[PDB]
Every structure is written in C-alpha cells, then in structure tokens.
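Report on the structure
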Amino acid sequence: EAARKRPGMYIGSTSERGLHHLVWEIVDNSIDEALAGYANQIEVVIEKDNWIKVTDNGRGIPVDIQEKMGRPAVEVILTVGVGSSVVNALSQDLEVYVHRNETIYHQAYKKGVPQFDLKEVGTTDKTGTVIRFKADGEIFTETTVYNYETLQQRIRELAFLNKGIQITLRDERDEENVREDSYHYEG
Ligand SMILES: CO[C@@H]1[C@@H](OC(N)=O)[C@@H](O)[C@H](Oc2ccc3c(O)c(NC(=O)c4ccc(O)c(CC=C(C)C)c4)c(=O)oc3c2C)OC1(C)C
C-alpha cells in the first residue's frame, strides 16, 4: 500500500507516461540479464485486454529459499529489484513464470499481494523469465491502452543502445491484424 497510496513517488504520473513506464521497468530487468552475458532475446507482447507479456531467455529469476525471509527469491524481488515490486503493486494482476532447473515455476499476484505460494507447473529444456501484467485501472484512471508507437520507439532505442540483443515487439490486441517489429543491432 506504500506504492499504491502515492503512485507518483514510485513511477511518476498515473497518465499514459506512467502507464508505458510499467513496460520499461520490466524490459530493463531483461536487458540487465543480457548485459551480464546470460540473455540475447527479449519479447514484448501487447495481449488481449491490454495485458503486457515480457519474455527473455535469461537464467530465470532464482527460486531458492532466502535463509532470512524464508520465502523463494522471485517472491522477495516482486513484493518489496525495487522496480519489479512497483510494477506488481500498480497492477491488478501480475503473473510470473520462471524457467530454471528444468522446471516451470509459477506465482500470481493481485495489487502486489501473493495469491498463492510458488508452485511447480511444468518441465523445461529452456531457461528464462515470463512476466505478464495488467495495469491497475483504479490507479491509471486516464487510459489503460498502450500506444504501440510509444513502445516501438523506446524498444528500437534500447536495441540500438545494447548491441546484439534481439528485442521483438508484437501487438496481438486484434487477432485480425497482428503487427510485429524485430530489432537486432550488430552496429
Ligand atoms: C526482476 O528480476 C531480475 C531479473 O529479471 C529478469 N528479467 O531476469 C534480472 O534483471 C536480474 O536477474 C538476475 C540477477 C542475478 C542473478 C545471479 O546472481 C545468479 N546467480 C546464482 O546462481 C544465484 C542463485 C540463487 C540466488 O538466489 C541468487 C541471488 C538472488 C538474486 C540476485 C535474486 C543467485 C542467477 O542465477 O540469476 C541471477 C538473475 C537471473 O535480477 C533480478 C533477479 C532482480
């Protein structure tokens, strides 16, 4: 309720500017993984009902119990790095899927509140993190619709700034017209 009561301090504004900042924070975490030498592919998806899906082929947010807290690391990071917690707090629903240790780990949240303990929901050969979120309509009272062009412009800049990372943007809001933009700069 720290981020919810005063959302201005944590993200900036609750307008369209603050709405797209939700996406930048989540993507910045995937770019960090790529800069460390552990990811090379990031995918930003605008899904039905303006849900956002950000996927990377990183190491997967660790799932091991943190000795002090007594909870998995993914839970800790997302419910306070600071940025992911704020996005979680400002979202009416947030889902995380971690692909690590040949297992698929899942946790869902509501307004930053864990709905259930981290559960194992599958098996994998791949590593990476999938973060799905729906912005809180009660917080973002102006608009809850992402402007594709605003997303495309910053994604193009980030792929250019961070050479060698493939960043893809896909709009799937209307199944009748699916637009996609793939960026990858060697230079
Ligand atoms: C929001 O989570 C972000 C990550 O987001 C994404 N997209 O992967 C990413 O930006 C970055 O990811 C890191 C940052 C550091 C390590 C890292 O130092 C690792 N080394 C380990 O073997 C390890 C194993 C277990 C463990 O709990 C920790 C420390 C825990 C951390 C950093 C959450 C480290 C590792 O496996 O994964 C790491 C990962 C995936 O830091 C987070 C967790 C805040």
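Entry numbering is not used for residues: they are numbered from 1 along each chain in the order the sequence is written, which may differ from it, and residues without coordinates are omitted. To obtain the side-chain values, all non-hydrogen atoms of the structure were included, while hydrogens and water were left out. Residues with missing side-chain atoms are left out of burial classes, side-chain pairs and their counts.

For this deposition, the record names X-ray crystallography as the technique by which the model was determined and cites 2.59 Å as its resolution.

The name given to the protein in the PDB entry is DNA GYRASE SUBUNIT B, with Staphylococcus aureus as the source organism. This entry's official PDB title is "Crystal Structure of Staph GyraseB 24kDa in complex with Novobiocin".

**Considerations on the site of the ligand**
Consider each residue's heavy atoms; a residue with any of them within 4 Å of a molecule or strand counts as near. In the vicinity of the ligand there are 15 residues, among which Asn-29, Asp-56, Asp-64, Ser-84 and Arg-100 approach most closely. Taking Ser-30, its side chain carries an N or O atom lying 3.5 Å from a nitrogen atom of the ligand. The definition of a polar contact used here is a pair of N or O atoms within 3.5 Å, where within protein one atom must be able to donate a hydrogen and the other to accept one, and adjacent residues in sequence count solely through side-chain atom pairs. Within the side chain of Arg-59, an N or O atom sits 3.5 Å from an oxygen atom of the ligand. Computed with the Shrake-Rupley method and a 1.4 Å probe, the accessible areas treat only the protein chains shown as cover for residues. For the ligand, the protein covers 67% of the area, taking 760 Å² as the surface of the free molecule. Only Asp, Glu, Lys and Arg are considered charged in this grouping, and only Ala, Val, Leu, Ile, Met, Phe, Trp, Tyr, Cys and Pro are considered nonpolar; every other residue, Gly among them, is considered polar. Residue composition of the shell around the ligand, grouped by class: three nonpolar, six polar and six charged.

**Quick notes on helix α5 (residues 82–89)**
The cut-offs for exposure are 20% and 50% of the maximum accessible area for each residue type, with area from a 1.4 Å probe on protein chains only; residues under the lower value are buried, those over the upper are exposed, and the others partly exposed. Think of it this way: any DSSP run of H or I at least four residues long counts as a helix, any run of E at least two long counts as a strand, and we number them from the N terminus. Taken across its eight residues, α5 has seven buried, putting it largely inside the fold. Within the span of α5, buried status applies to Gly-83, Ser-84, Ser-85, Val-86, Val-87, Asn-88 and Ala-89.

**What about the packing of aromatic side chains?**
Each aromatic pair joins two rings of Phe, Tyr and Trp (for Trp, the six-membered one) with centres within 6.5 Å, and gets the label stacked for planes under 30 degrees apart, edge-to-face for over 60, and tilted for any other angle. In the structure shown here, the tally under the stated rule is one aromatic pair. Seen in terms of ring centroids, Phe-160 and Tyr-185 are 5.3 Å apart; in terms of plane orientation they differ by 85°. Their pairing is edge-to-face. Residue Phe-160 is found in helix α6 (residues 148–161), and its partner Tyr-185 is found in the segment after β11 (179–183); the two are separated by 25 residues along the sequence. Relative accessible area serves as the criterion here: at 23%, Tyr-185 is assigned to the partly exposed category. Sitting over the ring of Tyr-38, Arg-59 keeps its end group 3.8 Å from the ring centre. Criterion for a charge above a ring: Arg CZ or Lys NZ at most 6 Å from the ring centre, at most 35 degrees from the ring normal.

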